[PDB]
Each structure stands twice: as C-alpha cells, then as structure tokens.
Amino acid sequence: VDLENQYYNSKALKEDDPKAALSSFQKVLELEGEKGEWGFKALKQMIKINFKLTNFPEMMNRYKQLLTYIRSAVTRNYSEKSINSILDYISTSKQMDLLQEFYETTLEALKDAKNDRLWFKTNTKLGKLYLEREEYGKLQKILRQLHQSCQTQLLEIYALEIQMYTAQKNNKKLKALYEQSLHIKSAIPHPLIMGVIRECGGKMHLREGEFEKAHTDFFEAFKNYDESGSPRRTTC
C-alpha cells in the first residue's frame, strides 16, 4: 500500500545537492497524506538541509509543517527523538539568536497534558537561553510552569531559580531557596546541580557570618565542580 512513498522518500534522500531534491521531498509530501510518517521523514530531511545550508525562515515554515504529526500519524517517541536531534544540530551550528525562536515554537506546538520530559527539558533549556538573554520577566513565567509541573527535576528548577536571583541579587530569596533545596537532596540522583546550589550556599554563609558552614559548602561544591569541570572550579 505504502510501497510508492517509501521508494520516493529513499530516492529523494540521495542527490547530494539540495537543488531539485527539496522539490522531490515536496512531491513525497504531495502524495496525498494518509499515513503520514514518510511525509514527516521527508520534512525531517528538508529541515536537516535547510538550517545547515542558506535560508532559515523556510526551515521555520517546514518545521511548522512538522509540528502537525506529534499527536496524530507519528508516535510521540519518534517525534521526541527527531526534535531533540534537530535541536542539537542547530545548537551546535548556530546560537541563541535563531535557536530560541525554534524552542519557543516547539513549546507552543506541544500543548498536550501527557508531555512530561518533552515539555520539561525544552522549557528548561529555553530557561537557560532566557538566562543568557538577560530576560527575567518571562523567565519567571517559565519557572512558574516548571514549578507547577511538580506542585530529581525540582532541584534543576531550584538551580535555575537561584541562577536568576544570582543576577537579580536578592540574597534573602537565595537563602530561602537553598534552605528549601536541602529537603529535596535526601532522595535524588547525582548530577552537577547538587554542587551548583552549594556554591550559593557558601556565599550566603559568608553574608550571614557562618564561615565553617561556608567552608564545608565550598569544599563539597569544589568536589562537584572537580567531577564536572572548570570554569567555576578555580573560583570555588
């Protein structure tokens, strides 16, 4: 039944040059869409060539065409892996000034209650891009959504909150957040985050006057920064 579409997708996959190949992928899409997993794969390749060579708004258009096979046609797992890989390619190639908008459209299209890690990790990395952008207004909305997703990951949300208030320079809030973050640390995996909050916890203890607790905090933070790497290792 799908014997044709498979072959035309595989035929358009070759060619090397995007000249005439993109129109062939468009012909694969123009076969009446009935499945349509092969149209998704055709557009996925179209995306893979578009941001890598020349024009970007066309990539945004074809990515918006990709964001229709999330719930219907193609399964959530294959779409998750495809979006993740595509986002990694753009992150390695170009910077925030294009990537942030694609992250935003991805989160705008993923309006689904069953999205657990799919919503979270995208919103978290967008939060990091919004930290690099020097935006703190909409970052609070992002952090509101991330905090309300639970009320492992909560410590990440607390680490982003602390990262925001480190630039905002609100000491009392950072003290409250660290004292709240100590509760979640009891049953948790082993990432870098555990040593990030501790750095602030050290500085806070220097602000209050407790130098021994600051010493232990900076020692354990330095151990975590030794396990991950520099630039914060030397400063810690």
# chains A, B, ... in the order shown; residues from 1 in each chain; ligands from 1

$ residues_around --residues "range 7-22 of chain A" --least-positions-apart "5" --cutoff "10 Å" --atoms "only C-alpha atoms" --output "VMD selection string"
chain A and resid 2 27 to 29 31 38 to 39 41 to 43 45 to 47 49 to 50 53

$ select_by_dssp --residues "range 10-222 of chain A" --states "alpha helix (DSSP H)" --output "count of residues only"
154

$ closest_atom_pairs --of "range 37-104 of chain A" --to "range 111-117 of chain A" --cutoff "10 Å" --atoms "only C-alpha atoms" --output "JSON lines"
{"residue": "A:70", "atom": "CA", "partner": "A:112", "partner_atom": "CA", "distance": 9.8}
{"residue": "A:71", "atom": "CA", "partner": "A:112", "partner_atom": "CA", "distance": 8.6}
{"residue": "A:76", "atom": "CA", "partner": "A:115", "partner_atom": "CA", "distance": 8.9}
{"residue": "A:80", "atom": "CA", "partner": "A:117", "partner_atom": "CA", "distance": 9.5}

$ write_last_selection --atoms "N, CA, C and O atoms" --output "tab-separated table (two decimals), in the first residue's frame"
chain	number	residue	atom	x	y	z
A	70	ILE	N	2.61	15.26	15.66
A	70	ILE	CA	3.01	14.94	17.03
A	70	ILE	C	1.99	13.99	17.67
A	70	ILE	O	2.35	12.87	18.06
A	71	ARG	N	0.74	14.43	17.76
A	71	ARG	CA	-0.33	13.62	18.37
A	71	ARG	C	-0.87	12.57	17.41
A	71	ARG	O	-0.99	11.39	17.77
A	76	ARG	N	4.68	9.65	19.65
A	76	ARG	CA	5.33	10.69	20.46
A	76	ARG	C	6.84	10.49	20.65
A	76	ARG	O	7.59	11.47	20.74
A	80	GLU	N	9.77	12.94	19.45
A	80	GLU	CA	10.65	13.45	20.52
A	80	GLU	C	12.13	13.32	20.16
A	80	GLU	O	12.90	14.29	20.30

$ residues_around --residues "residue 168 in chain A" --least-positions-apart "5" --cutoff "10 Å" --atoms "only C-alpha atoms" --output "list in words"
residues 136, 162 and 163 of chain A

$ write_last_selection --atoms "N, CA and C atoms" --output "mmCIF file, in the first residue's frame"
data_model
loop_
_atom_site.group_PDB
_atom_site.id
_atom_site.type_symbol
_atom_site.label_atom_id
_atom_site.label_comp_id
_atom_site.auth_asym_id
_atom_site.auth_seq_id
_atom_site.Cartn_x
_atom_site.Cartn_y
_atom_site.Cartn_z
ATOM 1 N N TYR A 136 14.341 38.373 32.568
ATOM 2 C CA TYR A 136 13.910 37.869 33.875
ATOM 3 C C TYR A 136 12.384 37.922 34.072
ATOM 4 N N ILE A 162 17.704 29.958 41.503
ATOM 5 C CA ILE A 162 18.909 30.517 42.144
ATOM 6 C C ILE A 162 19.802 31.262 41.131
ATOM 7 N N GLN A 163 19.976 30.674 39.945
ATOM 8 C CA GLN A 163 20.726 31.313 38.846
ATOM 9 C C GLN A 163 20.112 32.658 38.419
#

$ residues_around --residues "residue 92 in chain A" --least-positions-apart "5" --cutoff "12 Å" --atoms "only C-alpha atoms" --output "ChimeraX atom specification"
/A:51-52,85-87,99

$ write_last_selection --atoms "N, CA, C and O atoms" --output "CSV table (one decimal), in the first residue's frame"
chain,number,residue,atom,x,y,z
A,51,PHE,N,18.6,24.4,7.6
A,51,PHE,CA,19.3,25.2,8.6
A,51,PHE,C,20.9,25.0,8.4
A,51,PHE,O,21.6,25.9,8.7
A,52,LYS,N,21.3,23.9,7.8
A,52,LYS,CA,22.7,23.6,7.5
A,52,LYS,C,23.2,24.5,6.4
A,52,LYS,O,24.4,24.9,6.4
A,85,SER,N,17.2,15.6,18.4
A,85,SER,CA,18.4,15.6,17.4
A,85,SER,C,18.5,16.9,16.6
A,85,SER,O,19.6,17.4,16.5
A,86,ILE,N,17.4,17.3,16.0
A,86,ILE,CA,17.3,18.6,15.2
A,86,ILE,C,17.8,19.8,16.1
A,86,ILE,O,18.6,20.6,15.6
A,87,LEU,N,17.2,19.9,17.3
A,87,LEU,CA,17.6,20.9,18.2
A,87,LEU,C,19.1,20.9,18.6
A,87,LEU,O,19.8,21.9,18.8
A,99,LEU,N,18.0,29.8,17.4
A,99,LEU,CA,17.6,28.7,18.2
A,99,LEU,C,16.4,28.9,19.2
A,99,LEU,O,15.5,28.1,19.4

$ residues_around --residues "residue 106 in chain A" --least-positions-apart "3" --cutoff "9 Å" --atoms "only C-alpha atoms" --output "MDAnalysis selection string"
chainID A and resid 63:64 67 83 101:103 109:110 122

$ closest_residue --among "A:72, A:181, A:174, A:132" --to "residue 35 in chain A" --atoms "only C-alpha atoms"
A:72

$ residues_around --residues "residue 205 in chain A" --least-positions-apart "4" --cutoff "6 Å" --atoms "only C-alpha atoms" --output "ChimeraX atom specification"
/A:209-210,214
